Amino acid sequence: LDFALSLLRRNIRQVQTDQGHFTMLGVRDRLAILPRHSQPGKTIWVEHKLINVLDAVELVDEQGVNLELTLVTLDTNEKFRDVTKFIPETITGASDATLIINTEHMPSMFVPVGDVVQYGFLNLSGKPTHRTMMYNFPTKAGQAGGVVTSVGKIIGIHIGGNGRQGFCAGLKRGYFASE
């Protein structure tokens, strides 16, 4: 739990948008990631501070299909320690993953989702979505944005669920290539 513990403290923040409470992973410097349906926009609340969003990029694939990820550049002096090195180069499943959740309503919470498998296509609330992975755990509302970790790796971001299963958007280190 050392990794998940250090990642929560250094990198994972309680967040609010117009869509409600979400978990947010700071990736490096002022770059952070959120589930697309959180619709950050121009501003978000990070730990009850109203922050300006300088940039928001919604990840889609070459065909323009939703990946349910939104990269945000925050207007803050605070820098996140670089965790891109814990993000695998290709979207990979895992064994015994821990879903890390951190919102005002569900603070500092570890969820034993278990195995994480390649899933692919998912119709998330009527929206076609690609590159998703799945875990057989009854995830619930308010857990979106949750960080899926396994053996020192950050493999996904929780985005949805169907009652008995949880889904995350796969994480590639390539998403975070510098400019």
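Counting begins at 1, following the sequence as shown.
Which has the higher mean CA temperature factor in the PDB entry, 106-114 or 131-139?
Higher mean C-alpha B-factor in the PDB entry: 106-114.
Please work out which of 141-149 and 57-65 has the higher mean CA B-factor as recorded in the PDB entry.
On average, C-alpha B-factors are higher across 57-65.
Per the PDB entry, maximal CA B factor within 71, 94, 99, 87
Comparing C-alpha B-factors across 71, 94, 99, 87, the top value belongs to 94.
Largest Cα B-factor, entry values, listed residues 11, 17, 162, 14
Among 11, 17, 162, 14, the highest C-alpha B-factor in the entry belongs to 11.
Ranking the modelled residues of this chain by C-alpha B-factor as given in the entry, is residue 51 in the lowest, middle or highest third?
Ranked within chain, residue 51 CA B lands in the middle tercile.
Which third of the chain holds residue 120 when residues are ordered by C-alpha B factor: lowest, middle or highest?
Its C-alpha B-factor, which the entry lists for residue 120, ranks in the lowest third among residues of this chain.
Could you look up the Cα B-factor of residue 41 in the entry and say which third of the chain it sits in: lowest, middle or highest?
For residue 41, the deposited C-alpha B-factor lands in the highest third.
Please say which third, lowest, middle or highest, residue 35 falls into when its CA temperature factor is compared across its chain.
Residue 35: CA B-factor falls in the lowest third of its chain.
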